Each structure stands twice: as structure tokens, then as C-alpha cells.
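Undergrad: With the authors' numbering, the residue at position 180 of the sequence shown is 203, and numbering never jumps.
Here it is, the structure, as C-alpha cells.
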Amino acid sequence: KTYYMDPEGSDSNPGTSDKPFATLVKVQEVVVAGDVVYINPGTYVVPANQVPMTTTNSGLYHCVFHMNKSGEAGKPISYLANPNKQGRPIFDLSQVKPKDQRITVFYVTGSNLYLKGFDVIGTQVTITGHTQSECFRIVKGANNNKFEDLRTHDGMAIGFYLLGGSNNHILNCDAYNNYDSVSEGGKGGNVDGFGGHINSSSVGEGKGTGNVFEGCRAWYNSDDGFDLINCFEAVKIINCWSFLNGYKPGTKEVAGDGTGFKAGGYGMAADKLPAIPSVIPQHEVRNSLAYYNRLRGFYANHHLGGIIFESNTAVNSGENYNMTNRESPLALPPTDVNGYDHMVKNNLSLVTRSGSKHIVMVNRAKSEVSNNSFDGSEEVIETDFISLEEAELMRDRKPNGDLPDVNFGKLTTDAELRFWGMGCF
Ligand SMILES: C[C@@H]1O[C@@H](O[C@@H]2[C@H](O)[C@@H](O)[C@@H](O[C@@H]3[C@H](O)[C@@H](O)[C@H](C)O[C@H]3O)O[C@@H]2C(=O)O)[C@H](O)[C@H](O)[C@H]1O
Ligand SMILES: [Ca+2]
Ligand SMILES: [Ca+2]
């Protein structure tokens with residue numbers, strides 16, 4: 024079956040093209056494996072009083088849409104912007120403010136799902152202590168899903184937040200202009216674009232493995248663009264752009280941590296040891312771009328082992344590459360050391376911003392550090408690039424959702440010969 028929804032539809036309708044549904048709550052009542060839902064473009068304001076589809080964590084979370092049904096292998100359930108209509112569906116969550124609860128807009132427990140082509144805006148935070156909300160929260164048991172050309176923006180919530188699940192592909196998604204102005208004095212320190220945090224409950228082959236962020240952009244998230252702390256299976260970030268994170272949206276006002284790619288770690292607590300996986304995962308950041316994050320570009324974040332940083336480009340992102348690891352095995356007090364077991368290869372780094380640096384805190388005897396611009400005999404300069412115009416990075420995606428063509432961060436023909444094989448382009 025192909026069902027339809029529309030902002031001016033009705034949940035008393037049958038869900039046909041002529042008589043569409045109004046909400047995903049009704050969609051969820053009827054769909055089965057192999058069904059397709061075409062979501063007509065327009066603005067869907069979620070009513071303030073719409074009851075949550077579920078709650079989690081002893082009532083802490085109000086979950087707007089519970090993506091609880093599953094497809095089968097070869098027969099997904101697909102929730103797609105209607106490809107026969109121009110424009111995008113935009114779910115506006117600005118009225119949803121349940122007292123004393125965190126918000127999850129799409130709480131994903133099902134498997135074999137395909138979600139494409141729509142936006143989630145205005146997601147709220149009302150709690151004033153330590154808190155967060157998420158546009159997408161994916162957990163243990165949610166396997167073999169695809170999230171494509173989705174945009175989580177102009178709200179107070181983390182865009183994508185993985186606590187578990189396997190083979191979740193987050194492809195060509197944007198998370199931008201996300202800032203929690205409400206909690207903890209409006210620091211914004213828990214709002215990332217994309218978070219990979221496969222927890223202890225979700226470990227194992229086919230249980231927490233295989234999740235990938237690909238082709239995604241994160242900008243003006245108040246904390247980090249991408250963050251893989253406390254992530255018990257390897258997560259990969261491939262062909263992603265992370266820029267202008269750590270600032271309040273549209274400004275250079277200081278907010279949170281400002282990392283482009285925070286690519287590991289299990290914390291640096293002084294009081295107690297963190298839980299850790301049995302095998303420290305080798306997360307990866309490859310063919311990616313960091314530009315003008317407030318503090319750091321590509322960061323090992325006190326990892327307890329090796330990360331792969333391959334074929335990336337950093338421009339004016341503070342510490343463009345920082346390989347700091349925590350000393351292993353775990354001990355107290357916690358100790359930072361030069362990064363060990365990393366692969367740092369074929370990277371490019373430009374510095375013309377005051378206080379920015381190429382690479383810090385790498386152990387070259389324990390990490391493979393090869394063919395990076397910062398270890399060559401010539402400095403990388405601005406005119407080695409075709410363009411460094413920031414606006415290019417915010418250009419509209421192509422109609423199919425692919426990243427826009429840009430010259431930003433692309434070496435000229437002449438420079439490419441002097442920095443051969445280096446950088447994300
Ligand atoms: C619902 C809570 O879940 C757990 O706490 C998580 C997380 O395990 C903690 O490490 C910590 O994480 C913070 C941020 O909240 C998180 O977004 C970021 C990626 O890492 C740390 O900065 O708090 C989390 C949280 O959700 O509050 C624990 O099981 C808590 O007891 C539980 O309330
Ligand atoms: Ca933070
Ligand atoms: Ca973060």
C-alpha cells in the first residue's frame with residue numbers, strides 16, 4: 024500500500040491520495056512491512072496537547088512519534104516526502120512543551136525503516152537542570168534503518184542521537200541552528216548535530232555495529248557538530264562537513280564545546296572509572312571537512328585507543344587536529360597522553376586564524392602519521408585553495424539530497440601537485 028498524509032488531511036480519512044491522513048500517529052496505526060507513506064510537503068504543526076506515543080526512562084521522556092513497527096529485509100516501511108510534489112514536509116515541534124519531560128521527536132525502536140526528505144524544527148527544552156531533547160533517538164534493537172536527506176534545525180534539540188542499534192545509515196542529513204537556550208543558563212553544552220553513543224546494553228555484532236554518518240552537514244550546533252563519546256562499538260563519519268559549531272546560531276557568541284568531530288572518549292572523571300567496552304573501538308572520520316568550529320577540528324577526545332583520521336581537511340578550526348588520548352588501562356587520577364594507535368593519514372590543514380594550530384598531542388611512535396600537509400616542507404596558504412567562501416558550505420543540497428558542489432577547501436591544480444593525495448576533496 025501507498026498511504027498519504029497532508030497538513031490539511033484528516034485522521035478520519037482512509038489515507039489515499041484524494042483523502043490523506045493528517046498525522047504520523049495515524050500512519051503508525053496502519054502501516055505494515057512493505058508499505059510506503061508519501062508525506063505531502065508543507066508545515067505540520069504538532070499540537071501542544073497531542074499525547075505522546077510513548078515515554079521512556081521512567082517517564083522522563085515524552086516521545087512524539089514512536090517508530091515502533093518494523094519492515095522486513097527487502098520490505099522496509101518507508102516514510103518519504105511525496106516525490107510527486109515540490110517542496111519539503113516540515114514538522115514544527117515548537118508547541119510541544121510537556122512539563123518536566125525531555126522530548127524525543129522520533130523515538131526509533133523498529134527495524135527495516137526508511138525515512139527521507141523532511142525537516143524537524145522547533146523542538147523544545149523546558150527542563151532547567153542537566154537535560155537534552157532529540158529530534159531522532161535510536162536505541163538497542165533498531166537495526167537496518169536508513170535516514171536520508173532529513174534536516175533537524177532551528178530548535179533546541181540534538182539532531183540525531185544513537186544509544187544503540189546496528190546498521191543505521193544516516194545519509195545526506197543536515198543538523199543546524201540547534202541551541203538549548205533554556206537549561207543551565209543557556210550554555211548549550213549538550214546540543215550536538217550528530218551523536219554516536221552506542222551504550223553498554225547494545226554491544227555486539229549486529230547489535231551495535233555498522234552505524235555510519237555519511238554526507239551529513241552540522242553547523243551552528245551549540246556544542247559539537249559530531250560527537251562519538253561513550254560509544255561502545257565503532258562508528259564512522261564519512262564525507263561530512265562540520266563548521267561553526269560551539270557558537271550561538273548565526274553569531275560568534277560563545278556557547279558549548281565547539282568541536283567539529285569529537286571522535287571518541289569515555290570521559291575524564293576524577294571520582295570514578297567510566298564503563299567501557301571490552302575492545303576499544305576504532306572510530307573513523309574520513310573524507311570530511313572542519314571549518315571554524317569554535318575550539319577544535321578533528322579531536323580524539325581522550326580516547327582509550329586508536330581512531331582513524333584519513334583524508335580530511337581542516338580550515339581555521341582552532342586545534343585543527345588534536346589526538347589526545349586518556350592513558351590506558353583506566354586509572355585515577357585520569358591522565359592525558361599523546362595519542363596512540365591512531366592512523367592519521369592524508370590530511371590537510373590551513374591556519375590563518377589567530378590561535379589556531381595544525382596538530383597537537385600525537386605520539387608518532389605509536390600512531391601512524393603519514394602524508395599530512397602539516398609535516399611537509401611548505402606551509403599551506405589560502406590561495407592554495409580555489410575558494411574559502413563560507414557561504415558555499417551552506418548551499419542547498421542537490422535535488423537528490425547530495426551535498427552541493429563547492430570549491431571551498433578544494434586545492435587548485437598547482438597546489439594539488441605540492442600536496443598530493445591530501446585532503447577530503
Ligand atoms: C537518561 C540518562 O542516561 C544516562 O546519562 C546519559 C549519558 O550516559 C551520560 O554520559 C550523560 O551524557 C552527557 C550528555 O547528556 C550527552 O548528551 C553527551 C553525549 O554526553 C555527556 O555530556 O548524561 C546522559 C543523559 O541522558 O543525561 C544515565 O544512565 C543517566 O543516569 C540517565 O538519567
Ligand atoms: Ca558538551
Ligand atoms: Ca557534545
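Heads up, the beta-carbon is just placed ideally off N, CA and C, and yes, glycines get one too.
As a quick exercise: from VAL54, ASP250, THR39, pick the residue whose alpha carbon is nearest that of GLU95.
TA: When only C-alpha atoms are compared, the closest one is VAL54.
Undergrad: In angstroms, rounded to a whole number, what distance separates the CA positions of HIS381 and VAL374?
TA: About 7 Å.
Undergrad: In this structure, does DSSP put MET346 in helix, strand or coil?
TA: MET346 falls in the coil class under three-state DSSP.
Undergrad: Along the chain, where does the alpha helix (DSSP H) that runs through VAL53 open and close?
TA: Run containing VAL53: 47-53, per the alpha helix (DSSP H) assignment.
Undergrad: Does the separation of the CB atoms of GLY444 and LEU194 fall below 9 Å?
TA: For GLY444 and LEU194, no; Cβs fall outside 9 Å.
Undergrad: Enumerate, from N- to C-terminal direction, the unbroken beta strand (DSSP E) stretches of 3 or more residues contained entirely within the stretch 247-278.
TA: Those beta strand (DSSP E) runs which fall completely within the stretch 247-278 and span 3+ residues are 259-261, 264-266.
Undergrad: Is DSSP giving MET90 helix, strand or coil here?
TA: In the structure shown, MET90 sits in a strand (DSSP, three-state: E or B).
Undergrad: Can you give me the start and stop residues for the beta strand (DSSP E) that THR66 sits inside?
TA: Residues 65-68.
Undergrad: Give the straight-line distance between the Cα atoms of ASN201 and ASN339, rounded to the nearest whole angstrom.
TA: Looking at the two C-alpha atoms, the distance is approximately 22 Å.
Undergrad: Should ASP250 be labelled buried (16 or more other beta-carbon atoms within 10 Å of its own) or exposed?
TA: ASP250 should be labelled buried.
Undergrad: Rounding to the nearest angstrom, what Cα-Cα distance links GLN73 and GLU31 in this structure?
TA: Their backbone Cα atoms lie some 17 Å apart in a straight line.
Undergrad: For the beta strand (DSSP E) that contains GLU307, what are its first and last residues?
TA: Run containing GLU307: 307-309, per the beta strand (DSSP E) assignment.
Undergrad: Quick check on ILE62: buried or exposed, where buried means 16 or more other Cβ atoms within 10 Å of its Cβ?
TA: Flag for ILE62 reads buried.
Undergrad: In the DSSP assignment, the alpha helix (DSSP H) including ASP407 goes from what residue to what residue?
TA: Element bounds for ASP407: n/a, residue is neither H nor E.
Undergrad: Since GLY283 and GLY248 are thought to touch, with beta carbons under 8 Å apart, how far apart are those beta carbons, to the nearest angstrom?
TA: Indeed, because the Cβ distance is near 5 Å, the residues count as touching under 8 Å.
Undergrad: Taking its Cβ as the centre, do 16 or more other Cβ atoms sit within 10 Å of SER400, making it buried, or is it exposed?
TA: Exposed.
Undergrad: Relative to ligand 1, is the shortest distance from any of its heavy atoms to the C-beta of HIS326 smaller than 8 Å?
TA: Not under cutoff, so the answer is no.
Undergrad: How long is the line joining the alpha carbons of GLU256 and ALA165, rounded to whole angstroms?
TA: Their Cα atoms are separated by approximately 15 Å.
Undergrad: By DSSP, does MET366 sit in helix, in strand, or in coil?
TA: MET366: strand per DSSP, three-state reduction.
Undergrad: For my contact list, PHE442 and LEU411 are in at a C-beta cut-off of 8 Å; report their separation, rounded to the angstrom.
TA: At roughly 15 Å, the Cβ-Cβ gap does not stay under 8 Å, so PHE442 and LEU411 are not in contact.
Undergrad: Look at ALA71 and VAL119 and say whether their C-beta atoms are less than 9 Å apart.
TA: Yes. Within cutoff.
Undergrad: For a test of your reading of the model: does the CB of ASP247 fall under 8 Å from any non-hydrogen atom of ligand 2? Yes or no.
TA: The answer is yes for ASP247.
Undergrad: Out of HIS365, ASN191, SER245, which one is the CA nearest neighbour of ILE303?
TA: The residue with the shortest Cα to Cα distance from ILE303 is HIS365.
Undergrad: Could you check the C-alpha separation between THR79 and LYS433 for me, to the nearest Å?
TA: So the alpha carbons of these two residues sit roughly 45 Å apart.
Undergrad: Indicate whether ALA286 and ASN324 have their beta-carbon atoms separated by less than 9 Å.
TA: Going by C-beta atoms, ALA286 is nearer than 9 Å to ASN324.
Undergrad: Please list the segments of the beta strand (DSSP E) lying wholly inside the stretch 175-240, counting only runs of 3 or more residues, in order along the chain.
TA: As far as the stretch 175-240 is concerned, its whole beta strand (DSSP E) runs of at least 3 residues are 181-185, 189-194, 197-201, 217-219, 235-237.
Undergrad: Anyone know if the C-beta pair for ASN168 and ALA198 falls short of 9 Å?
TA: Contact flag unset, no.
Undergrad: Does the separation of the CB atoms of residue 13 and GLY362 fall below 9 Å?
TA: This structure cannot speak to residue 13, because the chain is shown only from 24 to 448.
Undergrad: Residue range of the alpha helix (DSSP H) that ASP437 falls in?
TA: It spans 436-441 - the alpha helix (DSSP H) in which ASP437 sits, taken as one unbroken run.
Undergrad: Are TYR184 and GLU157 closer than 9 Å when you measure CB to CB?
TA: Their beta carbons are under 9 Å apart, which means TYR184 touches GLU157 by this criterion.
Undergrad: So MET28 is in the beta strand (DSSP E); what residue range does that whole segment cover?
TA: It spans 25-28 - the beta strand (DSSP E) in which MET28 sits, taken as one unbroken run.
Undergrad: What span of residues does the beta strand (DSSP E) with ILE331 cover, start to end?
TA: Where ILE331 is concerned, the enclosing beta strand (DSSP E) stretches over 331-333.
Undergrad: Since I believe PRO112 is in contact with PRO64 (beta carbons under 8 Å), could you give me their beta-carbon distance rounded to a whole number of angstroms?
TA: That belief holds up - the Cβ atoms of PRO64 and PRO112 are roughly 5 Å apart, short of 8 Å.
Undergrad: In angstroms with no decimal places, state the Cα-to-Cα distance between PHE321 and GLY269.
TA: Each residue's Cα considered, the two are about 14 Å apart.
Undergrad: My assumption, with CB atoms under 8 Å, is that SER206 sits in contact with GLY152. Please give the rounded CB distance.
TA: Yes, they are in contact, since the Cβ atoms of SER206 and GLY152 sit about 7 Å apart, within 8 Å.
Undergrad: Helix, strand or coil for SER393? Go by DSSP, reduced to three states.
TA: It is a strand residue.
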